[PDB]
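Starting off, we have a lone chain in the form deposited in one PDB entry, written out as structure tokens.
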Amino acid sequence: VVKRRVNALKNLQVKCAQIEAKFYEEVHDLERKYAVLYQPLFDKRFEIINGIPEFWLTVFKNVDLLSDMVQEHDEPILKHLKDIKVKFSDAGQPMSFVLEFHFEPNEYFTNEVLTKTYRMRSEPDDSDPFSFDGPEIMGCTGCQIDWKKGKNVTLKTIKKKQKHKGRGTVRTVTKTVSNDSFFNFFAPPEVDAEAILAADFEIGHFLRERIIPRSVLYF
């Protein structure tokens, strides 16, 4: 008896979740508009950075989530980072945010601006009152960095030790091996891989909400 109306009330909660999805959609719209309003402030930052040394490198180093990715040999690279901003998707397409990292001319790659994107959700998943605590993160878009010759750090040219068959003589062979670096999540794992996806999602969320709109507090 009661269970029937409880189930109907659950179906009602599903519509409540849909309404909340529309709420968060317009929340993203407000985020975009107010970001247009932030643009003068972020631009004034940009010109001010022209400059606070290694600004965003220090910002990342001071955050627990991000210091984990920045390796020592990375410091010469990320230090040439000149700015970071967030762009928000326009109406009609699925909600997403694009973190854009503006890099000055360097000796490590030619990309004036590098891009990376996160697509959020805007809908529930079934007829049960499924979880949606705002726009969460599924998937992510890696990109290729226009590295200079042999300047890639995501892969390291290790002189792996090998032995000749039968003879047994030792030798060194130059082979590319996956290397840990701050740039590694720019090539996220494809469709422990899921754990790394979740970690990257959380890191990008922290970049969007905490790092970028409050970069000064983290310097």
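Here, rigid core means the biggest group of C-alpha atoms that superpose within 1.5 Å across both forms. Heads up: residue numbers just count along the shown sequence, starting at 1.
Although it is not shown, the form deposited in another entry is what the next lines describe.
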(request) Kindly specify the one residue in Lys160, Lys33, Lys61, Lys44 whose Cα moves by 2 Å or more between the shown form and the other one, with superposition done on the rigid core. (result) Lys160
(message) Once you overlay the rigid core, does the Cα of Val173 travel 2 Å or further between the shown form and the other one?
(response) yes
(message) If the two forms are fitted on the core, does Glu136 show a Cα displacement reaching 2 angstroms between the shown form and the other one?
(response) no
(request) Explain in one word, closer or farther, how the Cα atoms of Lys161 and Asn184 are placed in the other form relative to this form, where the distance changes by 3 Å or more. (result) farther
(request) Given a change of 3 Å or more, say if the Cα atoms of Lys160 and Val153 sit closer or farther in the other form than in this form. (result) farther
